[PDB]
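As a starting point, one isolated chain is supplied in C-alpha cells, in the form deposited in one PDB entry.
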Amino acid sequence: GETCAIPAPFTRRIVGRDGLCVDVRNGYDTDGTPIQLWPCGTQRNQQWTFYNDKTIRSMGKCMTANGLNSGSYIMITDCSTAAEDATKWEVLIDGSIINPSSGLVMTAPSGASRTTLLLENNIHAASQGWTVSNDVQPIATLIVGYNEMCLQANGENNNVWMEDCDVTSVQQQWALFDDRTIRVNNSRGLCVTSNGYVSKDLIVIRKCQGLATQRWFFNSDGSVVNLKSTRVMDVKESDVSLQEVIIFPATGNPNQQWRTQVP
C-alpha cells in the first residue's frame, strides 16, 4: 500500500458561536494571555497552525489549558515549558475541540464578544461547536427531505414542516453555522432548536443559546441528528401532511434522509 504523507503545518481560523472566531486577547503573544471570542478578521491573534503533535498554536505559542479541571480557561504559552498533556488537542467531526487527556472540550459560555473561553464538561451543546477554516462565513443552502420537498421555517416557537421547495423564498433558506447550529438565513438569531431528547419530540425554531438540542451533526449517511442523543431529525410517520418534524432513532428510511442543496 502507501501510508499518507505526514501533513505539514497548516494555518486556519476557528469559529464556533454566533459566528465568532477564537482570538488571543489583545493579540499579545506573551505567555498566559487568555483565549476568548472576537469578530473574525485579518489578524495574527486569530490564525492557528496545526501540527502532528496535535498542538494548535497561534503567534508561535501552543494553545494550552491553563488548568486541568472543569472550569479552567484556555490561553497560550511557550510550547517548551507548558505541560505536554495540556497542549494537545483533537478536532472531531462533531465540531468538538476535545483534549485527549483531561477529556474536556473547548466551551463558549456565551456568544457575547470578549467571552473568555474555558474547558468545560463535554455535554454536547451548541456551545462546544467549533469549525476550523479560513472561511468564517456560514453556508447558505436548502434542505430537501421527503417527497423532494424542502424543510421550511415559519415563525418563532413554531414547528418546522416540509413545503414545496421554493428557492426564491427566504422561509426555506438556511445558514449552517460553524458552531454546528442551523439558523434561519434571514434572522440568523434563531436556531433550529429541538424540544427534548426522547424520540417523538417536535422540532421548532427558537432563539440560539448554545443549547444541546440545537446541536446538529450532518451524518455522512445523509441523516441530520443531534449530538446528545442518537435521535434523528425526520418527518413523522413519513407523512409530510402532519406538518411535524421530530427526533427519532436512526431507522435508515428515506424520511430520515436530508440534503443541503447550496443556496
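Numbering starts at 1 and follows the sequence shown. Rigid core here is just the name for the largest C-alpha set that superposes within 1.5 Å across the two forms. Only residues modelled in both forms are compared.
Beyond the structure shown, there is the form deposited in another entry, which is absent from this document and is the topic of what follows.
**Student:** Quick check on the comparison between the shown form and the other one: with the core aligned, only one of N159, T115, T141, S72 should show a Cα shift of at least 2 Å. Which one is it?
**Tutor:** Of all the options, the C-alpha that shifts by at least 2 Å belongs to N159.
**Student:** Any chance the CA of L242 moves 2 angstroms or more between the shown form and the other one, core superposed?
**Tutor:** After core superposition, the displacement of the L242 C-alpha between the shown form and the other one reaches the 2 Å mark, so yes.
**Student:** Report the direction of the Cα distance change between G155 and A212 in that other deposited form, compared with the displayed form, as closer or farther; the change is 3 Å or more.
**Tutor:** Result: farther.
**Student:** Explain in one word, closer or farther, how the Cα atoms of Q152 and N157 are placed in that other deposited form relative to this form, where the distance changes by 3 Å or more.
**Tutor:** Closer in that other deposited form, by 3 Å or more.
**Student:** Considering only residues modelled in both forms, extract each run of at least three consecutive residues whose CA displacement is 2 Å or more throughout between the shown form and the other one after core superposition, in sequence order.
**Tutor:** Residues 155-159, 237-243 form the shifted runs.
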